[PDB]
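Trainee: One file is attached below, entry.tsv, containing TSV, C-alpha atoms and all ligand atoms.
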chain	number	residue	atom	x	y	z
A	1	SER	CA	0.00	0.00	0.00
A	2	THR	CA	0.85	3.70	-0.21
A	3	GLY	CA	-0.58	7.03	0.93
A	4	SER	CA	-0.18	10.59	-0.32
A	5	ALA	CA	-1.49	13.71	1.41
A	6	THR	CA	-1.04	17.42	0.86
A	7	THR	CA	0.43	19.47	3.70
A	8	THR	CA	-0.37	23.19	3.94
A	9	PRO	CA	1.29	26.04	5.88
A	10	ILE	CA	-0.88	27.33	8.72
A	11	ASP	CA	0.06	30.98	8.11
A	12	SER	CA	2.05	33.30	5.86
A	13	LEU	CA	5.31	32.55	7.72
A	14	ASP	CA	5.22	28.74	7.39
A	15	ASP	CA	5.18	28.50	11.20
A	16	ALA	CA	3.88	24.92	10.86
A	17	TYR	CA	2.14	22.66	8.36
A	18	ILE	CA	-1.19	20.83	8.65
A	19	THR	CA	-2.20	17.62	6.91
A	20	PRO	CA	-5.77	16.23	6.85
A	21	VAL	CA	-6.21	12.91	8.67
A	22	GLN	CA	-9.34	10.73	8.74
A	23	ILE	CA	-10.14	9.22	12.17
A	24	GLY	CA	-12.96	6.85	13.03
A	25	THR	CA	-16.08	5.50	11.35
A	26	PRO	CA	-17.68	7.47	9.76
A	27	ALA	CA	-14.53	9.49	9.17
A	28	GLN	CA	-13.84	12.58	11.25
A	29	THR	CA	-11.27	14.71	9.42
A	30	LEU	CA	-8.81	16.63	11.60
A	31	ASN	CA	-5.86	18.76	10.45
A	32	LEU	CA	-2.77	17.44	12.25
A	33	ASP	CA	0.80	18.70	12.55
A	34	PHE	CA	3.03	15.85	11.33
A	35	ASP	CA	6.01	15.88	13.68
A	36	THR	CA	9.12	13.80	12.99
A	37	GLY	CA	10.45	15.02	16.36
A	38	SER	CA	7.84	13.26	18.55
A	39	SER	CA	5.97	9.99	18.64
A	40	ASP	CA	2.42	10.63	19.91
A	41	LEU	CA	-0.70	10.98	17.74
A	42	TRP	CA	-2.94	13.20	19.86
A	43	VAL	CA	-6.04	15.21	19.07
A	44	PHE	CA	-8.35	17.83	20.44
A	45	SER	CA	-11.46	15.92	21.42
A	46	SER	CA	-14.87	15.93	23.06
A	47	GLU	CA	-12.94	15.28	26.30
A	48	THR	CA	-10.79	18.41	26.05
A	49	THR	CA	-11.46	20.99	28.77
A	50	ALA	CA	-13.97	23.30	27.10
A	51	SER	CA	-12.15	26.53	28.02
A	52	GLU	CA	-9.03	25.17	26.25
A	53	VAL	CA	-10.76	24.66	22.87
A	54	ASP	CA	-10.96	27.78	20.66
A	55	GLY	CA	-11.85	26.93	17.06
A	56	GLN	CA	-10.20	23.53	16.64
A	57	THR	CA	-12.01	20.58	15.12
A	58	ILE	CA	-12.46	17.86	17.75
A	59	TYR	CA	-12.53	14.08	17.60
A	60	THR	CA	-15.61	12.62	19.31
A	61	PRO	CA	-14.93	8.91	19.99
A	62	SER	CA	-18.54	8.22	20.99
A	63	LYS	CA	-19.58	8.97	17.38
A	64	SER	CA	-17.09	6.44	15.93
A	65	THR	CA	-18.28	2.85	15.65
A	66	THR	CA	-14.67	1.61	15.51
A	67	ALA	CA	-13.38	3.54	18.56
A	68	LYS	CA	-12.45	1.53	21.66
A	69	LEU	CA	-11.14	2.89	24.95
A	70	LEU	CA	-7.64	1.60	25.67
A	71	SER	CA	-8.39	0.75	29.27
A	72	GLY	CA	-6.10	2.33	31.83
A	73	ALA	CA	-3.87	4.09	29.32
A	74	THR	CA	-2.87	7.72	29.80
A	75	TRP	CA	-0.42	10.04	28.10
A	76	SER	CA	1.35	13.28	28.88
A	77	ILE	CA	3.88	15.13	26.74
A	78	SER	CA	5.94	18.31	27.04
A	79	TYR	CA	7.59	19.74	23.94
A	80	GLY	CA	10.81	21.70	23.50
A	81	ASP	CA	8.95	25.00	23.15
A	82	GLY	CA	7.40	24.57	26.61
A	83	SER	CA	3.95	23.50	25.38
A	84	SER	CA	2.23	20.37	26.68
A	85	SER	CA	-0.85	18.17	26.54
A	86	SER	CA	-2.24	15.07	28.23
A	87	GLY	CA	-5.23	12.74	28.35
A	88	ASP	CA	-6.47	9.19	27.75
A	89	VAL	CA	-6.31	6.85	24.77
A	90	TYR	CA	-8.61	5.18	22.26
A	91	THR	CA	-7.79	2.86	19.41
A	92	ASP	CA	-9.48	3.62	16.10
A	93	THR	CA	-9.06	3.51	12.35
A	94	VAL	CA	-6.78	6.26	11.03
A	95	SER	CA	-6.20	7.06	7.35
A	96	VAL	CA	-3.71	9.45	5.76
A	97	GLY	CA	-3.95	10.13	2.04
A	98	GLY	CA	-5.60	6.79	1.29
A	99	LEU	CA	-3.39	4.68	3.61
A	100	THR	CA	-5.40	3.08	6.45
A	101	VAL	CA	-4.21	1.73	9.82
A	102	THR	CA	-6.65	-0.14	12.03
A	103	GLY	CA	-6.13	-0.18	15.77
A	104	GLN	CA	-4.07	3.02	15.87
A	105	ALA	CA	-3.63	4.61	19.28
A	106	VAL	CA	-5.43	7.96	19.13
A	107	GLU	CA	-4.49	9.98	22.22
A	108	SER	CA	-7.44	12.14	23.31
A	109	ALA	CA	-6.49	15.39	25.01
A	110	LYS	CA	-8.11	16.21	28.32
A	111	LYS	CA	-5.77	19.18	28.79
A	112	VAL	CA	-3.70	21.31	26.41
A	113	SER	CA	-1.45	24.26	27.16
A	114	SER	CA	-2.21	27.80	26.06
A	115	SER	CA	-0.17	27.77	22.84
A	116	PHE	CA	-2.26	24.87	21.50
A	117	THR	CA	-5.53	26.57	22.50
A	118	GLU	CA	-4.38	29.78	20.83
A	119	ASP	CA	-3.65	28.06	17.50
A	120	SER	CA	-7.07	27.35	15.98
A	121	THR	CA	-5.54	25.78	12.85
A	122	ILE	CA	-3.87	22.73	14.48
A	123	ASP	CA	-6.26	20.00	15.68
A	124	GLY	CA	-3.48	17.78	17.06
A	125	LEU	CA	-0.13	16.20	16.27
A	126	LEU	CA	0.84	13.03	14.40
A	127	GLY	CA	4.25	11.88	15.63
A	128	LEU	CA	6.72	10.27	13.21
A	129	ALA	CA	9.84	9.83	15.36
A	130	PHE	CA	10.62	6.39	16.76
A	131	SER	CA	8.01	4.64	18.90
A	132	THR	CA	10.44	4.41	21.82
A	133	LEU	CA	9.52	8.07	22.55
A	134	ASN	CA	5.77	7.46	22.74
A	135	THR	CA	4.43	8.63	26.11
A	136	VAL	CA	1.48	6.26	26.59
A	137	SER	CA	1.58	4.51	29.97
A	138	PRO	CA	1.59	1.77	31.14
A	139	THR	CA	1.76	0.22	27.63
A	140	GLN	CA	3.76	2.25	25.11
A	141	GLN	CA	2.06	2.62	21.71
A	142	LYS	CA	3.34	2.61	18.12
A	143	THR	CA	3.33	5.53	15.71
A	144	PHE	CA	1.15	5.57	12.61
A	145	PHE	CA	4.24	4.89	10.46
A	146	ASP	CA	5.35	1.96	12.61
A	147	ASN	CA	1.88	0.41	12.40
A	148	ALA	CA	1.65	0.94	8.62
A	149	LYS	CA	5.21	-0.10	7.78
A	150	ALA	CA	4.68	-3.81	7.11
A	151	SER	CA	1.84	-3.03	4.68
A	152	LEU	CA	3.76	-0.35	2.76
A	153	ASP	CA	5.27	-1.07	-0.63
A	154	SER	CA	8.56	0.25	0.78
A	155	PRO	CA	9.17	1.05	4.49
A	156	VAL	CA	9.61	4.80	3.98
A	157	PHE	CA	7.85	8.12	4.19
A	158	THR	CA	8.89	11.38	2.55
A	159	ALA	CA	8.51	15.03	3.50
A	160	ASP	CA	8.28	17.64	0.74
A	161	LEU	CA	7.43	20.87	2.51
A	162	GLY	CA	6.68	23.99	0.51
A	163	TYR	CA	7.99	27.51	0.92
A	164	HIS	CA	4.89	29.66	1.33
A	165	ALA	CA	3.03	26.94	-0.58
A	166	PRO	CA	1.55	23.46	-0.10
A	167	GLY	CA	3.69	20.35	-0.14
A	168	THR	CA	3.29	16.61	0.30
A	169	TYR	CA	3.80	13.72	2.71
A	170	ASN	CA	4.03	10.34	0.97
A	171	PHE	CA	4.04	6.94	2.64
A	172	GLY	CA	5.42	3.79	1.05
A	173	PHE	CA	7.04	5.16	-2.11
A	174	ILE	CA	9.55	7.71	-3.38
A	175	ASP	CA	8.10	10.06	-6.02
A	176	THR	CA	10.99	10.37	-8.47
A	177	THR	CA	9.29	13.39	-10.11
A	178	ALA	CA	9.43	15.41	-6.87
A	179	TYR	CA	13.17	16.16	-6.70
A	180	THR	CA	16.13	17.01	-8.94
A	181	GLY	CA	19.39	15.14	-9.13
A	182	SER	CA	19.94	12.17	-6.83
A	183	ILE	CA	19.03	11.45	-3.21
A	184	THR	CA	22.02	11.33	-0.86
A	185	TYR	CA	21.50	8.96	2.07
A	186	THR	CA	23.19	9.40	5.46
A	187	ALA	CA	23.34	7.35	8.65
A	188	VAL	CA	20.82	7.71	11.48
A	189	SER	CA	21.24	7.08	15.19
A	190	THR	CA	18.02	6.01	16.89
A	191	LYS	CA	19.61	6.07	20.36
A	192	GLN	CA	17.65	9.18	21.46
A	193	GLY	CA	14.47	8.17	19.58
A	194	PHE	CA	14.92	10.83	16.88
A	195	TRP	CA	15.89	10.91	13.21
A	196	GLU	CA	19.37	11.95	14.31
A	197	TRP	CA	22.14	12.37	11.72
A	198	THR	CA	25.42	14.24	11.17
A	199	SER	CA	25.72	17.05	8.65
A	200	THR	CA	29.15	17.38	7.05
A	201	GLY	CA	29.35	21.19	7.28
A	202	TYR	CA	28.01	24.51	6.06
A	203	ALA	CA	28.52	27.62	3.97
A	204	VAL	CA	27.13	31.14	4.28
A	205	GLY	CA	26.01	32.75	1.03
A	206	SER	CA	28.71	32.41	-1.63
A	207	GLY	CA	31.36	31.71	1.02
A	208	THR	CA	33.60	28.67	1.14
A	209	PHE	CA	32.24	25.46	2.62
A	210	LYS	CA	33.41	24.64	6.15
A	211	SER	CA	33.83	20.91	6.74
A	212	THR	CA	32.68	20.17	10.28
A	213	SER	CA	30.43	17.52	11.79
A	214	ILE	CA	27.08	18.83	13.06
A	215	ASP	CA	24.93	16.23	14.83
A	216	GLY	CA	21.25	17.09	14.77
A	217	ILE	CA	17.69	15.87	14.23
A	218	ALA	CA	15.39	16.13	11.22
A	219	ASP	CA	12.29	17.64	12.87
A	220	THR	CA	9.25	18.67	10.80
A	221	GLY	CA	7.58	19.85	14.00
A	222	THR	CA	10.12	22.61	14.67
A	223	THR	CA	9.80	25.80	12.62
A	224	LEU	CA	13.38	27.07	12.58
A	225	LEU	CA	16.95	25.83	12.08
A	226	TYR	CA	18.86	25.57	15.40
A	227	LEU	CA	22.65	25.19	15.10
A	228	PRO	CA	25.76	25.74	17.24
A	229	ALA	CA	26.45	29.30	18.30
A	230	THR	CA	29.68	29.46	16.24
A	231	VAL	CA	27.79	28.61	13.04
A	232	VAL	CA	24.89	30.96	13.76
A	233	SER	CA	27.25	33.85	14.58
A	234	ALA	CA	29.08	33.30	11.28
A	235	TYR	CA	25.77	33.48	9.40
A	236	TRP	CA	24.38	36.63	11.03
A	237	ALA	CA	27.74	38.44	10.78
A	238	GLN	CA	27.01	38.63	7.03
A	239	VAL	CA	23.80	40.65	7.61
A	240	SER	CA	24.31	44.36	8.32
A	241	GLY	CA	22.58	45.33	11.56
A	242	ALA	CA	21.80	41.79	12.69
A	243	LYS	CA	22.22	41.09	16.40
A	244	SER	CA	21.23	38.66	19.10
A	245	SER	CA	18.53	40.17	21.33
A	246	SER	CA	17.96	38.62	24.76
A	247	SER	CA	14.71	40.59	25.09
A	248	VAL	CA	13.34	39.15	21.85
A	249	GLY	CA	14.87	35.70	22.38
A	250	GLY	CA	17.21	35.30	19.41
A	251	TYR	CA	18.80	36.89	16.38
A	252	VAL	CA	16.91	39.72	14.73
A	253	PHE	CA	17.80	41.70	11.63
A	254	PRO	CA	16.58	44.79	9.79
A	255	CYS	CA	13.47	43.97	7.77
A	256	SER	CA	15.05	45.99	4.91
A	257	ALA	CA	17.88	43.44	4.54
A	258	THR	CA	18.38	40.87	1.82
A	259	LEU	CA	19.48	37.68	3.55
A	260	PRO	CA	22.25	35.38	2.27
A	261	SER	CA	21.59	31.73	1.62
A	262	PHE	CA	22.74	28.97	3.98
A	263	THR	CA	24.14	25.66	2.72
A	264	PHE	CA	24.35	22.46	4.77
A	265	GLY	CA	26.22	19.28	3.87
A	266	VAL	CA	24.73	15.82	3.48
A	267	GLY	CA	27.72	13.60	2.85
A	268	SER	CA	29.41	15.03	-0.24
A	269	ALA	CA	26.12	16.68	-1.31
A	270	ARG	CA	24.87	20.17	-0.51
A	271	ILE	CA	21.41	21.57	0.27
A	272	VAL	CA	21.00	25.32	-0.25
A	273	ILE	CA	18.45	27.23	1.85
A	274	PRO	CA	17.60	30.47	-0.02
A	275	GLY	CA	17.93	33.62	2.05
A	276	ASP	CA	14.21	34.39	1.84
A	277	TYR	CA	13.48	31.13	3.70
A	278	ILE	CA	15.35	32.59	6.72
A	279	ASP	CA	13.05	35.67	7.04
A	280	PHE	CA	10.35	35.18	9.72
A	281	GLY	CA	9.03	38.71	9.52
A	282	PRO	CA	8.48	41.50	12.00
A	283	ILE	CA	8.98	40.62	15.67
A	284	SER	CA	5.66	42.39	16.38
A	285	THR	CA	3.13	43.82	14.00
A	286	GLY	CA	4.52	46.87	12.21
A	287	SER	CA	8.08	46.55	13.54
A	288	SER	CA	11.07	47.01	11.27
A	289	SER	CA	13.01	44.41	13.28
A	290	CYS	CA	12.57	40.94	11.74
A	291	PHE	CA	13.08	37.55	13.37
A	292	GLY	CA	15.77	35.24	12.01
A	293	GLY	CA	15.13	31.70	10.85
A	294	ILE	CA	18.54	30.40	11.95
A	295	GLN	CA	19.02	30.48	15.73
A	296	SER	CA	21.47	29.12	18.29
A	297	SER	CA	20.90	25.66	19.75
A	298	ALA	CA	23.16	26.45	22.71
A	299	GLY	CA	20.32	26.42	25.26
A	300	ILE	CA	18.57	23.34	23.83
A	301	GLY	CA	21.10	20.51	24.08
A	302	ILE	CA	20.61	19.37	20.48
A	303	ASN	CA	20.82	20.83	16.99
A	304	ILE	CA	17.52	20.86	15.10
A	305	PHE	CA	17.09	20.75	11.32
A	306	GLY	CA	13.57	22.15	11.41
A	307	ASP	CA	11.26	23.31	8.64
A	308	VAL	CA	13.60	26.12	7.48
A	309	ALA	CA	16.12	23.45	6.47
A	310	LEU	CA	13.79	20.61	5.52
A	311	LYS	CA	11.60	22.64	3.15
A	312	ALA	CA	14.68	23.30	0.98
A	313	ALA	CA	14.91	19.54	0.30
A	314	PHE	CA	13.00	16.41	-0.59
A	315	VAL	CA	13.56	14.31	2.54
A	316	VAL	CA	13.34	10.51	2.77
A	317	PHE	CA	12.70	8.96	6.18
A	318	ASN	CA	13.84	5.41	5.54
A	319	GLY	CA	12.47	3.04	8.18
A	320	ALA	CA	14.28	-0.07	6.97
A	321	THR	CA	15.75	-2.39	9.60
A	322	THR	CA	18.71	0.02	9.71
A	323	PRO	CA	17.08	3.46	9.31
A	324	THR	CA	18.67	6.19	7.19
A	325	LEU	CA	17.77	9.68	5.98
A	326	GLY	CA	17.93	10.85	2.37
A	327	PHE	CA	18.12	14.42	1.08
A	328	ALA	CA	17.67	15.69	-2.47
A	329	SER	CA	17.44	19.16	-3.92
A	330	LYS	CA	14.18	20.09	-5.60
A	401	LIG	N1	7.71	12.67	28.31
A	401	LIG	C1	7.70	13.87	27.60
A	401	LIG	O1	7.28	14.87	28.19
A	401	LIG	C2	8.16	13.98	26.23
A	401	LIG	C3	8.51	12.95	25.35
A	401	LIG	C4	8.90	13.57	24.11
A	401	LIG	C5	9.34	13.07	22.88
A	401	LIG	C6	9.65	13.95	21.86
A	401	LIG	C7	9.52	15.33	22.03
A	401	LIG	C8	9.10	15.86	23.22
A	401	LIG	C9	8.79	14.97	24.27
A	401	LIG	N2	8.34	15.19	25.56
Write the structure described by the file as structure tokens, please.
Mentor:
Amino acid sequence: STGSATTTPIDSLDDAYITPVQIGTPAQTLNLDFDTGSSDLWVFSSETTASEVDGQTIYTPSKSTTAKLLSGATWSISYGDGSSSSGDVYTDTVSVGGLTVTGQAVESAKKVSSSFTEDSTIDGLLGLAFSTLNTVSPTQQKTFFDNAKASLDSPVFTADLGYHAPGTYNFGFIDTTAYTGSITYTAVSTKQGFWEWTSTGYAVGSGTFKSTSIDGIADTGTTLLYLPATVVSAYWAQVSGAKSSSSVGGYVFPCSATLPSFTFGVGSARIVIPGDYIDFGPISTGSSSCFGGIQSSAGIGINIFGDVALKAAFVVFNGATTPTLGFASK
């Protein structure tokens, strides 16, 4: 089997991407944030504290003839941005772009933190990291990809995120029309539960490439690119007037600037992020200070190849017995 679904930016900045997902019988369609940096599929629901729902579409398990309470199971997750959610668990039928999993753990939120409530466009998350990070207790649950894998034509999914435009998540096949050149594959460590790999270096604009190992994670659920402070300083030094602001929480730059590109290495191959992809707009409405899309990872403990980096590439998440990651230009 295969599946193919369009993913759409939630706003004009590409802060996140939503993909329609069918849950239950008859189908209830929710728009989920596919997150290769976590491993829980959770949704706003009829059980969510009413004051914490503000415009989201909810899953109502009592209206699904295939929903079953997973007795005794609870979940609770806290994300790197400080947001969180928790609740109980049902199993139900879940379909993405024509690909159907029966018996998928659907984690129903009883509580969500303010940032989820305040984002009316995201009805939940669909985790695509390794199932060892799933938070369901006392019996850990598998991701949608792990449950589908045996049925797929090939044990892979691909992320093709758009810049200010829709893109695609495919499951079970590699669309050879969706990228240019060849796909360069690179080793993955699953030891932390993430799609963790080592970039071979970077360049700023037309500058020379610096060969240096940068260990980080491919994370569709993080907006920006988070890299070591040395690398980030070298980038922003090429932008007149750019500075790190503790009050804002990162590097800012004059909105009048033209940003240089940023290149990262994948083996001997190179992925070029155009400068415009690094502009996240005014820090507050009407400001002439703009927020940068490349930020330091120094306070995080890990480097994160988020959407800023991933949307410059066609990315293969290869879930073979020995997982790997593939990157192609597009
Ligand atoms: N137990 C947790 O709060 C938790 C698990 C996890 C996995 C990926 C990303 C964030 C996460 N938070």
Trainee: Set the cut-off to 9 Å, count all atoms listed in the file, and list whatever residues fall near ligand LIG 401 (chain A) as a list in words.
Mentor: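 Protein and nucleic-acid residues within 9 Å of ligand LIG 401 (chain A): residues 36, 37, 38, 39, 40, 75, 76, 77, 78, 79, 80, 84, 85, 127, 129, 132, 133, 134, 135, 193 and 194 of chain A.
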Trainee: Output C-alpha atoms of each residue in that selection to a file, as a PDB file, in the coordinates of the input.
Mentor:
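Saved file part_19.pdb follows:
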ATOM      1  CA  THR A  36       9.120  13.800  12.990  1.00  0.00           C
ATOM      2  CA  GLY A  37      10.450  15.020  16.360  1.00  0.00           C
ATOM      3  CA  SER A  38       7.840  13.260  18.550  1.00  0.00           C
ATOM      4  CA  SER A  39       5.970   9.990  18.640  1.00  0.00           C
ATOM      5  CA  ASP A  40       2.420  10.630  19.910  1.00  0.00           C
ATOM      6  CA  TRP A  75      -0.420  10.040  28.100  1.00  0.00           C
ATOM      7  CA  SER A  76       1.350  13.280  28.880  1.00  0.00           C
ATOM      8  CA  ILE A  77       3.880  15.130  26.740  1.00  0.00           C
ATOM      9  CA  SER A  78       5.940  18.310  27.040  1.00  0.00           C
ATOM     10  CA  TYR A  79       7.590  19.740  23.940  1.00  0.00           C
ATOM     11  CA  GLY A  80      10.810  21.700  23.500  1.00  0.00           C
ATOM     12  CA  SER A  84       2.230  20.370  26.680  1.00  0.00           C
ATOM     13  CA  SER A  85      -0.850  18.170  26.540  1.00  0.00           C
ATOM     14  CA  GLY A 127       4.250  11.880  15.630  1.00  0.00           C
ATOM     15  CA  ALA A 129       9.840   9.830  15.360  1.00  0.00           C
ATOM     16  CA  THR A 132      10.440   4.410  21.820  1.00  0.00           C
ATOM     17  CA  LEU A 133       9.520   8.070  22.550  1.00  0.00           C
ATOM     18  CA  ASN A 134       5.770   7.460  22.740  1.00  0.00           C
ATOM     19  CA  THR A 135       4.430   8.630  26.110  1.00  0.00           C
ATOM     20  CA  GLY A 193      14.470   8.170  19.580  1.00  0.00           C
ATOM     21  CA  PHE A 194      14.920  10.830  16.880  1.00  0.00           C
TER      22      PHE A 194
END
Trainee: Quick one: pull the distance between atom CA of residue 214 of chain A and atom CA of residue 227 of chain A, Å, one decimal.
Mentor: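 Going from atom CA of residue 214 of chain A over to atom CA of residue 227 of chain A covers 8.0 Å.
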Trainee: Atom CA of residue 6 of chain A and atom CA of residue 90 of chain A, how far apart in Å?
Mentor: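 Computing the Euclidean distance for atom CA of residue 90 of chain A and atom CA of residue 6 of chain A yields 25.8 Å.
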Trainee: When you look at residue 312 of chain A with a cut-off of 8 Å (counting only C-alpha atoms), what residues show up, excluding the ones that are within fewer than 2 positions of it in the same chain? I need them as a VMD selection string.
Mentor: chain A and resid 161 163 271 to 274 308 to 310 314 329 to 330
Trainee: Would you list the residues near (-7.4, 27.6, 20.2), meaning any protein, DNA or RNA residue with an atom at most 8 Å from that point in file coordinates, counting only C-alpha atoms, as a PyMOL selection string?
Mentor: chain A and resi 52-56+114-121
Trainee: What would the list of residues within 12 Å of (8.3, 5.3, -2.9) (file frame) look like as a list in words, if only C-alpha atoms are what count?
Mentor: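 The requested residues, written out, are residues 1, 2, 3, 4, 152, 153, 154, 155, 156, 157, 158, 159, 169, 170, 171, 172, 173, 174, 175, 176, 177, 178, 315, 316, 317 and 318 of chain A.
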Trainee: Give me the box for segment 269-288 of chain A as AutoDock Vina command-line options, namely the centre and edge lengths in Å to one decimal of a box along x, y and z that holds every listed atom plus 4 Å on each side.
Mentor:
--center_x 14.6 --center_y 31.8 --center_z 7.5 --size_x 31.0 --size_y 38.3 --size_z 25.7
Trainee: Between atom CA of residue 217 of chain A and atom CA of residue 306 of chain A, what is the distance in Å, rounded to a tenth?
Mentor: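 Value for the atom CA of residue 217 of chain A-atom CA of residue 306 of chain A distance: 8.0 Å.
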Trainee: If we count all atoms listed in the file and set the cut-off at 8 Å, which residues sit around segment 255-268 of chain A, ignoring sequence neighbours fewer than 6 positions away in its own chain? Please answer as a list in words.
Mentor: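 Counting all atoms listed in the file, the residues come to residues 184, 185, 186, 198, 199, 200, 201, 202, 203, 204, 205, 206, 235, 238, 239, 240, 274, 275, 276, 278, 279, 281, 282, 288, 289, 290 and 327 of chain A.
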Trainee: Choose the residue, out of A:23, A:83, A:94, A:104, that has the smallest atom-to-atom separation from residue 64 of chain A; count only C-alpha atoms.
Mentor: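 Residue with the minimum atom-to-atom distance to residue 64 of chain A: A:23.
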Trainee: Determine the nearest neighbour of residue 224 of chain A from the options A:168, A:246, A:208, A:296, counting only C-alpha atoms.
Mentor: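 Checking each of A:168, A:246, A:208, A:296 against residue 224 of chain A, counting only C-alpha atoms, the winner is A:296.
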Trainee: Show me, as a ChimeraX atom specification, the residues that have an atom within 12 Å of residue 26 of chain A when counting all atoms listed in the file, minus same-chain residues fewer than 4 positions from it.
Mentor: /A:22,59-67,92-95
Trainee: Those selected residues, please, written with C-alpha atoms and delivered as a compact mmCIF listing (two decimals), in the frame of the given file.
Mentor:
# COMPACT_ATOMS: atom_id res chain seq x y z
CA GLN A 22 -9.34 10.73 8.74
CA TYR A 59 -12.53 14.08 17.60
CA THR A 60 -15.61 12.62 19.31
CA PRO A 61 -14.93 8.91 19.99
CA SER A 62 -18.54 8.22 20.99
CA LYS A 63 -19.58 8.97 17.38
CA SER A 64 -17.09 6.44 15.93
CA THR A 65 -18.28 2.85 15.65
CA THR A 66 -14.67 1.61 15.51
CA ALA A 67 -13.38 3.54 18.56
CA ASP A 92 -9.48 3.62 16.10
CA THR A 93 -9.06 3.51 12.35
CA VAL A 94 -6.78 6.26 11.03
CA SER A 95 -6.20 7.06 7.35
Trainee: Using only C-alpha atoms, pick whichever of A:165, A:218, A:41, A:328 has the shortest atom-to-atom distance to residue 11 of chain A.
Mentor: A:165
Trainee: Find the residues around residue 245 of chain A up to 12 Å (only C-alpha atoms counted), leave out those fewer than 3 positions away in its own chain, and share them as a list in words.
Mentor: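 Neighbouring residues, sequence-local ones excluded: residues 241, 242, 248, 249, 250, 251, 252, 253, 283, 289, 290, 291, 292, 295 and 296 of chain A.
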Trainee: For segment 194-208 of chain A in the structure I just supplied, write out N, CA and C atoms - as a compact mmCIF listing (two decimals), in the first residue's frame.
Mentor:
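Saved the output as result_22.txt:
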# COMPACT_ATOMS: atom_id res chain seq x y z
N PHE A 194 15.14 9.84 17.93
CA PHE A 194 14.92 10.83 16.88
C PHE A 194 15.55 10.36 15.58
N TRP A 195 15.21 11.07 14.50
CA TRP A 195 15.89 10.91 13.21
C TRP A 195 17.15 11.77 13.28
N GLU A 196 18.16 11.22 13.97
CA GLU A 196 19.37 11.95 14.31
C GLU A 196 20.48 11.57 13.34
N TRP A 197 21.16 12.58 12.78
CA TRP A 197 22.14 12.37 11.72
C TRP A 197 23.23 13.41 11.90
N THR A 198 24.27 13.33 11.06
CA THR A 198 25.42 14.24 11.17
C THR A 198 25.64 14.93 9.83
N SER A 199 25.39 16.23 9.80
CA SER A 199 25.72 17.05 8.65
C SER A 199 27.23 17.20 8.55
N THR A 200 27.72 17.32 7.32
CA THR A 200 29.15 17.38 7.05
C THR A 200 29.69 18.81 7.00
N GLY A 201 28.84 19.83 7.14
CA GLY A 201 29.35 21.19 7.28
C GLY A 201 28.38 22.22 6.72
N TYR A 202 28.89 23.42 6.46
CA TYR A 202 28.01 24.51 6.06
C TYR A 202 28.78 25.57 5.28
N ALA A 203 28.00 26.40 4.58
CA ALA A 203 28.52 27.62 3.97
C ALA A 203 27.49 28.72 4.15
N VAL A 204 27.98 29.96 4.16
CA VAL A 204 27.13 31.14 4.28
C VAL A 204 27.20 31.89 2.95
N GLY A 205 26.05 32.09 2.32
CA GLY A 205 26.01 32.75 1.03
C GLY A 205 26.94 32.09 0.03
N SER A 206 27.75 32.90 -0.66
CA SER A 206 28.71 32.41 -1.63
C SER A 206 30.05 32.05 -1.00
N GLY A 207 30.12 32.01 0.32
CA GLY A 207 31.36 31.71 1.02
C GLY A 207 31.80 30.26 0.84
N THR A 208 33.04 30.01 1.26
CA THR A 208 33.60 28.67 1.14
C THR A 208 32.95 27.73 2.16
